[PDB]
Structures are given as structure tokens and as C-alpha cells.
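Student: structure for this input, please:
(7 chains, ligands or ions: 96)
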Amino acid sequence: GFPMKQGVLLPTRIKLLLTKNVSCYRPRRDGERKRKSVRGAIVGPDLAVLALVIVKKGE
Amino acid sequence: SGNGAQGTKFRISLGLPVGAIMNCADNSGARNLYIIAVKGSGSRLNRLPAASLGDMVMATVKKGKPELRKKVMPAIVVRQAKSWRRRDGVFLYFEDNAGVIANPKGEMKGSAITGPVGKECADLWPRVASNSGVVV
Amino acid sequence: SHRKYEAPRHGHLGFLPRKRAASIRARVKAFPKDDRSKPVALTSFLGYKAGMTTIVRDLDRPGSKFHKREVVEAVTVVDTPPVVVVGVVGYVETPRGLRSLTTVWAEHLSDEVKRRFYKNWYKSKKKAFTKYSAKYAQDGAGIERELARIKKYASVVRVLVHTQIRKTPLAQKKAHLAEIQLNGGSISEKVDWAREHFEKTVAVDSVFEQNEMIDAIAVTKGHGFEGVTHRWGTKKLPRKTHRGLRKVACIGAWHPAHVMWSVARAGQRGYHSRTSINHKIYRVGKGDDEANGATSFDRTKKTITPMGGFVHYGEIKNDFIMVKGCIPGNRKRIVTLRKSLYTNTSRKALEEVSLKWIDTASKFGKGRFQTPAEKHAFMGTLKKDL
Amino acid sequence: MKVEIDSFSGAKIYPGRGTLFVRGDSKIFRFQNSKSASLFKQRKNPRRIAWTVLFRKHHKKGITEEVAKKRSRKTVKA
RNA sequence: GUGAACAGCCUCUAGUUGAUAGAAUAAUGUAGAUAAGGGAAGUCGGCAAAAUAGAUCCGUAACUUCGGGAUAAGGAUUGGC
RNA sequence: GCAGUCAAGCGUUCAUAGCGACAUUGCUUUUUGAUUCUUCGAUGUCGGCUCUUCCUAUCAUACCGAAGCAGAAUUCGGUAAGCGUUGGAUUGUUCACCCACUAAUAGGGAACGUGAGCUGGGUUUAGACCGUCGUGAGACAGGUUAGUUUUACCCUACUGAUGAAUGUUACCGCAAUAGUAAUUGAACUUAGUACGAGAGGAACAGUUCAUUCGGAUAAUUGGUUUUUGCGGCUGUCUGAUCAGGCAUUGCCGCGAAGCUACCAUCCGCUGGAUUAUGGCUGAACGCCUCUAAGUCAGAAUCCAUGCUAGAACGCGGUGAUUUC
RNA sequence: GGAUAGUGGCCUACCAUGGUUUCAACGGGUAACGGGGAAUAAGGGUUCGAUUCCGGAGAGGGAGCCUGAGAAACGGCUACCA
Ligand SMILES: [Mg+2]
Ligand SMILES: [Mg+2]
Ligand SMILES: [Mg+2]
Ligand SMILES: [Mg+2]
Ligand SMILES: [Mg+2]
Ligand SMILES: [Mg+2]
Ligand SMILES: [Mg+2]
Ligand SMILES: [Mg+2]
Ligand SMILES: [Mg+2]
Ligand SMILES: [Mg+2]
Ligand SMILES: [Mg+2]
Ligand SMILES: [Mg+2]
Ligand SMILES: [Mg+2]
Ligand SMILES: [Mg+2]
Ligand SMILES: [Mg+2]
Ligand SMILES: [Mg+2]
Ligand SMILES: [Mg+2]
Ligand SMILES: [Mg+2]
Ligand SMILES: [Mg+2]
Ligand SMILES: [Mg+2]
Ligand SMILES: [Mg+2]
Ligand SMILES: [Mg+2]
Ligand SMILES: [Mg+2]
Ligand SMILES: [Mg+2]
Ligand SMILES: [Mg+2]
Ligand SMILES: [Mg+2]
Ligand SMILES: [Mg+2]
Ligand SMILES: [Mg+2]
Ligand SMILES: [Mg+2]
Ligand SMILES: [Mg+2]
Ligand SMILES: [Mg+2]
Ligand SMILES: [Mg+2]
Ligand SMILES: [Mg+2]
Ligand SMILES: [Mg+2]
Ligand SMILES: [Mg+2]
Ligand SMILES: [Mg+2]
Ligand SMILES: [Mg+2]
Ligand SMILES: [Mg+2]
Ligand SMILES: [Mg+2]
Ligand SMILES: [Mg+2]
Ligand SMILES: [Mg+2]
Ligand SMILES: [Mg+2]
Ligand SMILES: [Mg+2]
Ligand SMILES: [Mg+2]
Ligand SMILES: [Mg+2]
Ligand SMILES: [Mg+2]
Ligand SMILES: [Mg+2]
Ligand SMILES: [Mg+2]
Ligand SMILES: [Mg+2]
Ligand SMILES: [Mg+2]
Ligand SMILES: [Mg+2]
Ligand SMILES: [Mg+2]
Ligand SMILES: [Mg+2]
Ligand SMILES: [Mg+2]
Ligand SMILES: [Mg+2]
Ligand SMILES: [Mg+2]
Ligand SMILES: [Mg+2]
Ligand SMILES: [Mg+2]
Ligand SMILES: [Mg+2]
Ligand SMILES: [Mg+2]
Ligand SMILES: [Mg+2]
Ligand SMILES: [Mg+2]
Ligand SMILES: [Mg+2]
Ligand SMILES: [Mg+2]
Ligand SMILES: [Mg+2]
Ligand SMILES: [Mg+2]
Ligand SMILES: [Mg+2]
Ligand SMILES: [Mg+2]
Ligand SMILES: [Mg+2]
Ligand SMILES: [Mg+2]
Ligand SMILES: [Mg+2]
Ligand SMILES: [Mg+2]
Ligand SMILES: [Mg+2]
Ligand SMILES: [Mg+2]
Ligand SMILES: [Mg+2]
Ligand SMILES: [Mg+2]
Ligand SMILES: [Mg+2]
Ligand SMILES: [Mg+2]
Ligand SMILES: [Mg+2]
Ligand SMILES: [Mg+2]
Ligand SMILES: [Mg+2]
Ligand SMILES: [Mg+2]
Ligand SMILES: [Mg+2]
Ligand SMILES: [Mg+2]
Ligand SMILES: [Mg+2]
Ligand SMILES: [Mg+2]
Ligand SMILES: [Mg+2]
Ligand SMILES: [Mg+2]
Ligand SMILES: [Mg+2]
Ligand SMILES: [Mg+2]
Ligand SMILES: [Mg+2]
Ligand SMILES: [Mg+2]
Ligand SMILES: [Mg+2]
Ligand SMILES: [Mg+2]
Ligand SMILES: [Mg+2]
Ligand SMILES: [Mg+2]
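Tutor: Residues are numbered from 1 along each chain as shown, chains lettered A, B, ... in the order given. Ligands and ions are numbered 1, 2, ... in the order given. See below for the structure:
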């Protein structure tokens, strides 16, 4: 269930420190930064779900 | 390999022959383990018995809590600096040689272990998977 | 006194003498049992060891720790361009063994195999089989009678095939001729099949299915004169030993007062004829098939030849056999693959192997790229371009 | 069957090729050959080695069409 | 010239190029080397080999006939411009 | 040192499951003696290292019979040397004695195998110290230390390698004879099952791995580096630059190819006939008996299959066989 | 000069050679938080105060830091050790 984060690197999982305004992180206190794991931004066979949006319809 | 180890260890490259001293990765009070034997080893004239990973060795504590010294005790290898190869074709090697004190059944003596571990060892000793942080 | 410590003997005794072999083409000393209920087909084949490579495939071992997990295995590939049948030899049973009765030959013979009967082909007048081919001029009644003899007698039949070395990157130019036993039906049906294939060609797919356990027969690599240390594995002697140390200290006891055959001595290492068995066939490739190195999962249009070609051999442009592991013999040597002499289930055999990816990166160095396209893709444009 | 990249060179390491090193801090390093592994083991800085990817990437080497105007637009208005 | 130096290594003057050749490069040698992981388990014994090394700076123990031990041990540093 | 015979006894009861007194009969020649045949115009002194083959009085492994064998374990015995029998601490040691692994860590022979194979620690010359003895020189199956280990080119043997002559030459083959190899363990499952009151506690079939051994092989990984292939470095020398020489391969990093490692990967066949043993049928001997005739099963044995060599005085099939 | 909210060797560069000490520096010890106070009643003292009030320190051991007016917070985060 680890969510990916657009734009970072590495179609593998890593651990970063997230802050306010950052993806995959809802702070719980003022100035609270937390170290959490995130999946890369390069699709891989480990993904259970892919999020996609249509930008042109087909036939 | 031996008594109390569920599963079967594929032949993993050797490299820890008798006399080798390896870091003690648990918190039993011992920091090194002088290998003196290898449970389930072969016999060939002048061939020194060696342990590779998950192998059960008989060792002594050369530097550590005086209550662990001057005596022989079983130990399980969790890290070996000699590069070996897995059936998935990876030639991998750890940074050191390390083991943890254990009883014949395979139960450990330390609370946990410091440092990574090889899956071949975790996949072989159940009480190691519990006290091991990150495998492979 | 006694040995004072036991240790197994150094070296195997059923592999003596450790002398040079009689010929590069190791002899197929045995053929599989013959069930005449099946149709007539060859029992062995000729090829040339081209080299090795690596392959990745899923393992189906119901109980292994690597079950259904990918594994990386080593494999060799032997260039096996279709062989050509040019003769049939019948053998009859005698109280002193099997003996050849007659050898009917094809009407025309390719110069490839013709030069085999010569040692200086250019100087010679190339008159081999010239008079023979002529017994075909009339209805011929010679060929028919000798074939008829093979039917009435000669309870075992063999075809005379030879390699199409012209279709191989080798420079030898000398074909390789050999006898192959027919393990099909009725002795008459056997000789019939042989006659019907005179001057015709036969491919590997017609003799080897995929995933079959096959044996390999060939002459090992040459090493010349070797010290007893490496020729037999004897223990290196201590440093302080005067008069050299890569030897055996006690060549033998005072009695018997003779060196014994079973003692390890210095001699010729290599060039021995060996018969390795149970080599599973991974791929049976066709030369007239691009994407030879492609797999249902990989799908890239690439042949088996590594980038830059097979080191010391070249490229594989014909049918080929890819066997799991390594086989005796060295690059460019004539090899003989033969169907195993026994049914074997073993749960290791019968494994429906299915390749996933075949390495094609250069072998003449630590290659990084599979295809020239991949090289340019990961590398960009260079000065030699544009 | 993943194709990894060198932790020093950044080149594709196909299955089997190269070596794998598990540092004391459980950090992993994959090498395509003895060369990159030796440079790493020598404590050499990749961005100081003219032939590695992270050197070329950090040095503006060979990318002119990957960064240019594109035609990636969307469908709108319901 | 390098450097502490009549050291070693390279050079000027002067003097040599005199040691049976030729073709190969099997084993085994003599002499010169390297070796993954382990590190004396080798062995009568660390024999052999490896490691150390200059210089500047810091740091230096028991013991002592006070003179020593002591380069004790243990460290950092060294190019070029 | 090893093995018997008789059977008073031991073994709850019970001589002989496993033992065995008193006596008595033997085998063995790695014990020690006894002898003094051979060697004193020399046969090089103990130990270990190395390596080969042999013996069986079998430690393990294969198949069995017996038990005071319920299971587990163990013991006694049979056929058995096919196979294996280790790693260390002190000791010059053999031996011994521990530590430790192991299926087991069995005993022996081979001029107490093995020094032109090594090593030389011990012993056992010459130097030297101490103890004991002797007035002394000197002595000590007393204790220390230092002390040159020579030669193969011959023959044979063995290992490998050419080779005249059976018309010439060439290709494909046969197979006599010889050699021959595989080995042992663990786990899952069977199964907490059989057996037992309980504690305890198997195995046959199946599967996954491993040990010892062997034959190959180099895709991968590692080692090797005169690729002196590329780069780097010190000293000098060619006025500088460029580019190079020299420094017993000057040094360093990388380093293909080759070679190569349980430091790497691959492969290591299945039929038959037997042993012990258990049986069938069945007399002798109206009964009974595996045996006397005949007969079934059966072992890591044996003969084949397979594998190696191919008799240079064993062989078959086939091609071509010369003009000054 | 820098840094601080600000003074200041707080820190840095340059410079100098000062600074404490038998009137006990320096070091060691403490089964040491300090104080309001408590116990013992001739007086002078002797002994105790972890503990209701004031101040200080800490939040398993350290270090680091975000938010803020205020924290080097811990019933906040981050890293290492246990
Ligand atoms: Mg093991
Ligand atoms: Mg030894
Ligand atoms: Mg100590
Ligand atoms: Mg726990
Ligand atoms: Mg023995
Ligand atoms: Mg005929
Ligand atoms: Mg050599
Ligand atoms: Mg010597
Ligand atoms: Mg001799
Ligand atoms: Mg390399
Ligand atoms: Mg001058
Ligand atoms: Mg001379
Ligand atoms: Mg000379
Ligand atoms: Mg010469
Ligand atoms: Mg040499
Ligand atoms: Mg090197
Ligand atoms: Mg080493
Ligand atoms: Mg060390
Ligand atoms: Mg030692
Ligand atoms: Mg030591
Ligand atoms: Mg000594
Ligand atoms: Mg000793
Ligand atoms: Mg020395
Ligand atoms: Mg070195
Ligand atoms: Mg000293
Ligand atoms: Mg400097
Ligand atoms: Mg009596
Ligand atoms: Mg009685
Ligand atoms: Mg009884
Ligand atoms: Mg005796
Ligand atoms: Mg005598
Ligand atoms: Mg004599
Ligand atoms: Mg004499
Ligand atoms: Mg003599
Ligand atoms: Mg004598
Ligand atoms: Mg002699
Ligand atoms: Mg009873
Ligand atoms: Mg008895
Ligand atoms: Mg019996
Ligand atoms: Mg035997
Ligand atoms: Mg025998
Ligand atoms: Mg022992
Ligand atoms: Mg020893
Ligand atoms: Mg010893
Ligand atoms: Mg004792
Ligand atoms: Mg004797
Ligand atoms: Mg002797
Ligand atoms: Mg000698
Ligand atoms: Mg001596
Ligand atoms: Mg001597
Ligand atoms: Mg001595
Ligand atoms: Mg003396
Ligand atoms: Mg005397
Ligand atoms: Mg004496
Ligand atoms: Mg002495
Ligand atoms: Mg001396
Ligand atoms: Mg001579
Ligand atoms: Mg000979
Ligand atoms: Mg003649
Ligand atoms: Mg074995
Ligand atoms: Mg169970
Ligand atoms: Mg009971
Ligand atoms: Mg092997
Ligand atoms: Mg080998
Ligand atoms: Mg290669
Ligand atoms: Mg390499
Ligand atoms: Mg250079
Ligand atoms: Mg220079
Ligand atoms: Mg310039
Ligand atoms: Mg010169
Ligand atoms: Mg010189
Ligand atoms: Mg060199
Ligand atoms: Mg290489
Ligand atoms: Mg068979
Ligand atoms: Mg038979
Ligand atoms: Mg019978
Ligand atoms: Mg009978
Ligand atoms: Mg009878
Ligand atoms: Mg067998
Ligand atoms: Mg075979
Ligand atoms: Mg012949
Ligand atoms: Mg013939
Ligand atoms: Mg100031
Ligand atoms: Mg001062
Ligand atoms: Mg005072
Ligand atoms: Mg306190
Ligand atoms: Mg107080
Ligand atoms: Mg007061
Ligand atoms: Mg008082
Ligand atoms: Mg208070
Ligand atoms: Mg307190
Ligand atoms: Mg606080
Ligand atoms: Mg607490
Ligand atoms: Mg805090
Ligand atoms: Mg709290
Ligand atoms: Mg609070």
C-alpha cells in the first residue's frame, strides 16, 4: 500500500522526511516533520494499482 | 546447518574456516566469535572445516563479557565477507563476518542483532527472523 | 606400516590411459535401444561447439526454495547446420561381435565430404568415388542388390552423414563424416529410409525435441604435458622440499619393486574423448529465423550471437542446439550429440523448460549491451556518427 | 527480471553480471564489473569520473532533444 | 641531478658492448612476482614470505646502576603551483 | 594379541539372551623375547609429510539372523574390504592425553612401505652448561644448547610420445583383452503416527538439499597481467614543446584474451546373476524337515549395460590405386 | 569582524603573554539539587532537608531541530546508542 510520489526517482521504495504542503503526508502538529517511506515515480511490476487520467479519447 | 533448523540451505560458498574470528552481531555481551568447528561438516585429510551462512559453528568468545569467555557455545553465521552466488545469479558479499550466539535448538541468546542478515540464514533459523531487522 | 591417515585415491581409474585420443571426433561407443514400433529417424547428430552464454528462466521445482522464482543458468550453444545423408552401412551379428557387411553410398558426393578422403586435396586429382558413382549409370542393379543384401541380413542399420561445414563460420573446409544408427522400424524400412535420403539433408528438429536429456560425446581441450600436481590433483608439496615440489613424494613402496599403473605420474592432460550425459536441451533454434535470442517474454528481435560475435568462433547462422550447462570439447571442435540411452524421469528431466531472456551482450570483454540498438540508446550519439 | 544499474557507473547490470555489496549500514551497491566496484572501493567520487552516468548527467553531456518543445496536450470542455 | 649522503637510480669525461649461437616456450626446476575469503588452523618451531620504514609534529609505560628503557608504545602530516 | 572346547557359575527364576570358573585345544607374527642364518671391501638409523596397493581379526555404510528386541535405543551373530575412516591443543615423537566435528572418526601388512622423494625436531661424532660419579683424563639406556642430508644421462618399471615391416594410400567401423566409481548425511512429508500406562517414539513410498569422490567446462563472479593495452607518479637524460629513453618488467590504478578456483558452473547410466538369510515343494525316516533331486525370493557383492583404451604380429566394410 | 534578541574569547583573524594559588588554586570525593526550613530544648552548638513553597535540572542515554511570542519541548519531530 505505499503510495508513490510524483517526480522523485527510483522505481523502488525509499524513506524521506516530509513537511507541510508535501505529498503523502498530513502533519499532525505545527512544524511537525515525519520520516515516511514512499514508492518511486517510475512504474514497475510491484505496483498493485496505477493511477491514470485521460488526455485524449480513443475510438 | 543441523539440529533445529527447519528448511534446507542450498550450497552457499564457504569462507569462514576454523580459527576465523567474526563479529558477534547480537547483544549477549560478546563482540567476537572464534570459530572452532562447523556442525554438519565433511571430513577430508587436511581440509579445514568452514562455515558459510546459517551454518552452525562451535565458537568461543575472545572479547566480551567474562561470563561468556573461556567456554564453547553454538553460534550461527549471519554475515560473511566472502562473495557467494545465489540461484538467482547474484554474486553478493557482506562487509564483515558476523554471527550470534545460540543454543543447539537454534534459539538465540541475545535480545536482537545489529546489522543486516542474509535470507539464507533467516530462511533457515526461525528465532533469527524474529530478532533480525533487515534481511539481505 | 599402513597409510596412517585415510584419504580417497586421487583421480578416477576408469579414465585411463590419460593419452591423446585417436581423433577429434570422439567415438559414439553406444546407441540407444531400438524400438521398431517408432518411425525411422536418426539417433545422434553432429555439430560444432560455438560457445556459452547465460539464460534466465522460471524454475518449476515443486518443493524447492527457488520454486517458481527466476534462476540464472549457464548454457552452451552448438552450431548444428542440417546434416546430409550420403550412405548406409549394414552390420550383421557374428560370434565374435558385430561386423560391417556392406556400405552403399550416395550417387553424388559434395566436395565437402569428398576432401575427407584426402590429405592433400588440391594436389590430388579428386578422383574419389568416380568409378563408384558409375554403378548407377544403368538401372544399376548394384546399389539395389547391396541394399537388398542389407535387408535380408544386417539386423542393425546405420546411415553415413556428414556436416555442412561450408555453412559454418569455421575455416576448416573439411566436412566431418560419421555413422548414425537408425532406431525406427523394420530393417527393410530402415534401409529404405536411408536410400530415400541419399544426397538429401536432415535437420536437428527432426531428431531432437526440446527439453530432451541428451548426451554429448567429444574430445576435451588440449593441455600438453602436465605435472602430476595439476594432472591428478595431488597435494602440492611443502616449500622446503629440495628437488621440486609439484610432485608425488613416494612414487611407490619398495615391494612390489616396480612403479604401479595406479600411481599418479606426469603426462598428457586433455584431448581425452568423453561421453557426458543428461544435458537438457533448452532451445532448438533455426538459422532461418531472426529473433533467435528472443523469448515470449523478451521478444526483442535478436539472434543468439553475442555483440561482436562468439569469441573465437564467429556467428551462428544455422540451426543450433542450446543445452543447459557445459559439454566436453572446446570452441570450434566437432561435437556429437546423442539421444540418452535410457528413459529418465528424475523430476528434473521432464521439466517443461521455458526461457525468459537469453544474454547476448559481448563475450570478448565485460559487455554491457544486448543489442547495438540498446548500446546507442543508453549511449547517445558519438563522434563516429554524423 | 529487473535490469539494475551500477551504483557508481549507472550502467545496466543484466541478470548475473557484476557484484552486489551490502554495506555495514545495510545500504546496497550493485556493480556491473570489477572496474566500477574497484573505483567505489577506492573511494572515488563518480561525478569526478568522466565516463559515469551521474557524471555526464551532472555535466550537461548529450541531452538536446529530451529537453525541447513537446506536443503533449489534453482534451477539455464537458 | 635527486637526497642527509663517497647510498641507491639517471647522466658528462674516459671505457666498454667481451659471457657459443638459432628456433620454440611441455612437464619439473632456478631466480623475480600476484592472489579472492580466512589468518599460523601449516610446522619441531612463523622456516619462508608479508608487514614496518624517511622526515616534521604530537604522544610515550613498567623498571633503572638515573646514565637509560625510547624511533618505547601510539598518532597526524608530506605533491604541485 | 586373538579364537575355541567341557559347563560349576553369573544372569529375579533360567548353565549357554548376553556371559563364563576350573581345566583343556588352538590361531596370529604391527608385542617382547629367544636364536645368530644373511649383510661389517656399509643395504643410510626415528618421526612426520606425500602417495599407492594389500590384509580383515568390520568402526561406519548394504542385506540379514538373535535378544533378558514393546517403541526408541542397544547388544550378539551372518554375507561382506564395494566404499569411507577426519579438523585441532601439549609432545621430535610412535604412543599417550584431552578439544571438536562426524555415518564412522576400525586395526594392520607392503625391507616395522616410503631420505638420488622431502624434512631433520629426536637419536648418535667433533663446541658448550648443569646434575651424579671419578683424585684425574674422562663417564652417565641423566638434563640442556649449537651442529653440511651428495649423484640419475644407464637399464628396467611407470607415465605419457613417435614408429619399420605384412602391396600402396584413404575414409568409415568391429571389440578380444585390460581398466572402470561413485559416496555418505540431513530436512519436509509419512507423523507426534505405529509401540507404550507413561515417558517416550520409528520406519518403507514421495519431495528438497547437502558430504566425500570423480570427469568436464569458462556465460557469469573472482584470481592472474610483458596486452607492458590506457591513464596516473617519482628520478634523471634528449635546450623547451611535442614525444620519448634509462631505473635487473622503475612504481601505481584500471585492465581484455588466455589460463583458472567448491572462490566459478555443468554432468556422474540400469539390466541380470548371486551371498547371508527367509521360503516353496519334498523325500530319506508312513511323521517331520528350505535340501538330499528340483525350486522362489535376496546385499554397498558379482557378471553384464554404460564409460576409457583398442591387440602397433586380432578384424570387418568402403574409396581411390601411378606409364618415361 | 562575525554571530546573538543583545553584552562578552560567544566565535574568528591578527597581536601580545597573560590568568588562579598556603588567604588552599588545581585535582579528588559526595550513599550532593540549593534554599524556606526539620531534629535536638541552659547557652555556645551538633545533625538533617529526595519530599506540600521559591529557584534550578531532566524526561531511557545523547545530540540535533521544526512550530512559536516562549521549547533546544520530549505525554513534538529527526539521527545515533541501549
Ligand atoms: Mg554444510
Ligand atoms: Mg596434516
Ligand atoms: Mg586477555
Ligand atoms: Mg523478541
Ligand atoms: Mg588404514
Ligand atoms: Mg560385399
Ligand atoms: Mg604451470
Ligand atoms: Mg632444505
Ligand atoms: Mg630407496
Ligand atoms: Mg578481473
Ligand atoms: Mg667533464
Ligand atoms: Mg659462460
Ligand atoms: Mg648472459
Ligand atoms: Mg640459447
Ligand atoms: Mg614457471
Ligand atoms: Mg595486481
Ligand atoms: Mg589470501
Ligand atoms: Mg587479522
Ligand atoms: Mg602455530
Ligand atoms: Mg592467534
Ligand atoms: Mg623444538
Ligand atoms: Mg609440537
Ligand atoms: Mg623470517
Ligand atoms: Mg600487498
Ligand atoms: Mg619496550
Ligand atoms: Mg599542502
Ligand atoms: Mg565343569
Ligand atoms: Mg543356578
Ligand atoms: Mg533362560
Ligand atoms: Mg600384538
Ligand atoms: Mg640379526
Ligand atoms: Mg655388501
Ligand atoms: Mg653391515
Ligand atoms: Mg651402498
Ligand atoms: Mg647394514
Ligand atoms: Mg637401496
Ligand atoms: Mg527371557
Ligand atoms: Mg564372543
Ligand atoms: Mg546368521
Ligand atoms: Mg576395497
Ligand atoms: Mg580385492
Ligand atoms: Mg585425531
Ligand atoms: Mg597438526
Ligand atoms: Mg602439533
Ligand atoms: Mg593426564
Ligand atoms: Mg614386522
Ligand atoms: Mg623403515
Ligand atoms: Mg637424503
Ligand atoms: Mg639434529
Ligand atoms: Mg643427523
Ligand atoms: Mg629443540
Ligand atoms: Mg655433542
Ligand atoms: Mg664408553
Ligand atoms: Mg648426554
Ligand atoms: Mg640438540
Ligand atoms: Mg648456529
Ligand atoms: Mg648416470
Ligand atoms: Mg614405455
Ligand atoms: Mg615391398
Ligand atoms: Mg567417498
Ligand atoms: Mg510433525
Ligand atoms: Mg511398559
Ligand atoms: Mg569435485
Ligand atoms: Mg578442475
Ligand atoms: Mg571470458
Ligand atoms: Mg574478471
Ligand atoms: Mg604507461
Ligand atoms: Mg616529472
Ligand atoms: Mg603546450
Ligand atoms: Mg643511456
Ligand atoms: Mg644498475
Ligand atoms: Mg613486477
Ligand atoms: Mg580474465
Ligand atoms: Mg542403460
Ligand atoms: Mg548376467
Ligand atoms: Mg536355500
Ligand atoms: Mg544344496
Ligand atoms: Mg539330507
Ligand atoms: Mg554400487
Ligand atoms: Mg556411465
Ligand atoms: Mg589395430
Ligand atoms: Mg583394416
Ligand atoms: Mg576581543
Ligand atoms: Mg604562556
Ligand atoms: Mg586546607
Ligand atoms: Mg548526587
Ligand atoms: Mg544538603
Ligand atoms: Mg540554617
Ligand atoms: Mg558532639
Ligand atoms: Mg530541597
Ligand atoms: Mg537520592
Ligand atoms: Mg527541559
Ligand atoms: Mg524510567
Ligand atoms: Mg527532548
Ligand atoms: Mg509521559
Ligand atoms: Mg511536558
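Student: any idea how far RNA strand F is from the nearest residue to residue C:305 once chain neighbours are set aside?
Tutor: Nearest non-adjacent residue to residue C:305, counting by Cβ to Cβ, 6 or more residues apart in numbering or on different chains: residue C:315, 4.4 Å away. Where C-beta positions appear, they are placed from N, C-alpha and C, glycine not excepted. Counting by Cβ to the nearest atom of the strand, to the nearest Å, the gap between residue C:315 and RNA strand F amounts to 15 Å.
Student: is it correct that residue C:315 is in contact with residue C:308?
Tutor: No. Using Cβ atoms under 8 Å, residue C:315 is not in contact with residue C:308, being 9.9 Å away.
Student: neighbour count: the two, which is higher?
Tutor: residue C:315 (17 against 14; other Cβ atoms under 10 Å in any protein chain shown).
Student: report the contact partners of the more buried one.
Tutor: C:169, C:303, C:305, C:309 (Cβ atoms under 8 Å, 6 or more residues apart in numbering or on different chains).
Student: most neighbours, which of those?
Tutor: For those, the largest neighbour count, defined by other Cβ under 10 Å, is 22 neighbours, found at residue C:305.
Student: contacts only, for it.
Tutor: Residue C:305 sits in contact with C:314, C:315, C:316, C:360, where contact means Cβ under 8 Å, 6+ apart.
Student: let's verify residue C:192: helix, strand, or coil?
Tutor: Using DSSP: H, G, I helix; E, B strand; the rest coil, the structure places residue C:192 in helix.
Student: want to try a markdown table for the contacts of residue C:315, with secondary structure and distance to residue C:15 as columns?
Tutor: What follows is those, written out as a markdown table (DSSP: H, G, I helix; E, B strand; the rest coil; distance: Cβ to Cβ, whole Å):
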| residue | secondary structure | distance to residue C:15 |
| --- | --- | --- |
| C:169 | coil | 33 |
| C:303 | coil | 38 |
| C:305 | coil | 35 |
| C:309 | coil | 35 |
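Student: looking at the residues you listed, which one is closest to chain B?
Tutor: Of all the contacts of residue C:315, chain B sits closest to residue C:305, with 21.7 Å by Cβ to the nearest Cβ.
Student: and the gap between residue D:33 and RNA strand G?
Tutor: Separation of residue D:33 from RNA strand G (Cβ to the nearest atom of the strand): 31 Å.
Student: how about residue C:49?
Tutor: Applying Cβ to the nearest atom of the strand to residue C:49 and RNA strand G gives a distance of 53 Å.
Student: ok, now which ones touch the nearest residue to residue C:380 once chain neighbours are set aside?
Tutor: Once flanking residues are discounted, residue C:380 sits nearest to residue D:62: 4.0 Å by Cβ to Cβ, 6+ apart. Shown in contact with residue D:62 (Cβ under 8 Å, 6+ apart): C:380, C:381, D:56.
Student: which of the three states applies to residue C:135?
Tutor: Residue C:135 ends up helix, using three-state DSSP.
Student: surely it meets residue C:145?
Tutor: No. Under the criterion of Cβ under 8 Å, residue C:135 makes no contact with residue C:145, lying 9.9 Å away.
Student: of the two, who's got more company?
Tutor: Looking at residue C:135 and residue C:145 with other Cβ under 10 Å, you find the greater number of neighbours at residue C:135, namely 16 against 13.
Student: quick one, phi/psi of residue C:233?
Tutor: Main-chain dihedrals, residue C:233, degrees, to the nearest 10: phi 80, psi 10.
Student: how many neighbours does it have?
Tutor: Residues contacting residue C:233 under the criterion other Cβ under 10 Å number 10.
Student: show me the contacts for the closest residue to it other than its chain neighbours.
Tutor: Counting by Cβ to Cβ, 6+ apart, residue C:10 is the residue found nearest to residue C:233 once chain neighbours are left out, at 5.3 Å. Residue C:10 makes contacts with C:232, C:233, C:234, C:264, as judged by Cβ under 8 Å, 6+ apart.
Student: do residue C:202 as well
Tutor: Listed by Cβ under 8 Å, 6+ apart, the contact set of residue C:202 reads C:42, C:82, C:83, C:84, C:85, C:161.
Student: bridging residues for it?
Tutor: residue C:83 (DSSP bridges).
Student: quick one: distance of stretch C:308-322 to the chain centre.
Tutor: Centroid displacement of stretch C:308-322 relative to its chain, using Cα atoms, centre = their mean, to the nearest Å, is 15 Å.
Student: for RNA strand E, what's the nearest residue on chain D?
Tutor: residue D:41 (9.1 Å; Cβ to the nearest atom of the strand).
Student: who wins for neighbours among the contacts of residue C:305?
Tutor: residue C:316 (28 neighbours).
Student: wait, isn't that residue in contact with residue C:310?
Tutor: Yes. In this structure, residue C:316 is within contact of residue C:310 by Cβ under 8 Å, at 7.1 Å.
Student: joint contacts of the two?
Tutor: residue C:50.
Student: ranges for the helices of chain B?
Tutor: B:119-122, B:126-131 (DSSP state H).
Student: on that earlier part again, can you lay out the contacts of residue D:62 as a markdown table showing secondary structure, neighbour count and distance to ligand 74?
Tutor: Listed next are those as a markdown table, based on DSSP: H, G, I helix; E, B strand; the rest coil; neighbours: other Cβ atoms under 10 Å in any protein chain shown; distance: Cβ to the ion, whole Å:
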| residue | secondary structure | neighbour count | distance to ligand 74 |
| --- | --- | --- | --- |
| C:380 | coil | 14 | 59 |
| C:381 | coil | 11 | 61 |
| D:56 | helix | 18 | 61 |
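Student: identify the residues contacting residue C:186.
Tutor: By Cβ under 8 Å, 6+ apart, the residues touching residue C:186 are residue C:36.
Student: check residue C:179 too.
Tutor: Taking Cβ under 8 Å, 6+ apart, we find residue C:179 in contact with C:89, C:158, C:159, C:160.
Student: could you do residue D:35 as well?
Tutor: With contact taken as Cβ under 8 Å, 6+ apart, residue D:35 is in contact with C:366, D:9.
Student: so which strand or helix has it?
Tutor: helix D:34-41 (DSSP states H and E).
Student: check which residues of that helix are buried.
Tutor: D:36, D:37, D:39, D:40 (16 or more other Cβ atoms under 10 Å in any protein chain shown).
Student: with adjacent residues omitted, what lies nearest to residue 9?
Tutor: Went with chain A since none was named. Distances taken as Cβ to Cβ, 6+ apart place residue A:40 nearest to residue A:9, at 6.0 Å, with adjacent residues excluded.
Student: wrong chain, I was asking about chain D
Tutor: Closest to residue D:9 by Cβ to Cβ, 6+ apart is residue D:36, at 4.3 Å.
Student: in TSV: the contacts of residue C:202, plus neighbour count and distance to RNA strand F.
Tutor: Output for the contacts of residue C:202, formatted as TSV (neighbours: other Cβ atoms under 10 Å in any protein chain shown; distance: Cβ to the nearest atom of the strand, whole Å):
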residue	neighbour count	distance to RNA strand F
C:42	24	12
C:82	19	18
C:83	26	12
C:84	23	14
C:85	22	13
C:161	26	9
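Student: now, which of the residues you listed sits nearest residue D:50?
Tutor: Set against residue D:50, the nearest of those by Cβ to Cβ is residue C:82 (50.3 Å).
Student: spit out the contact partners of the closest one.
Tutor: Residue C:82 neighbours (Cβ under 8 Å, 6+ apart): C:164, C:201, C:202, C:203, C:204, C:318, C:319.
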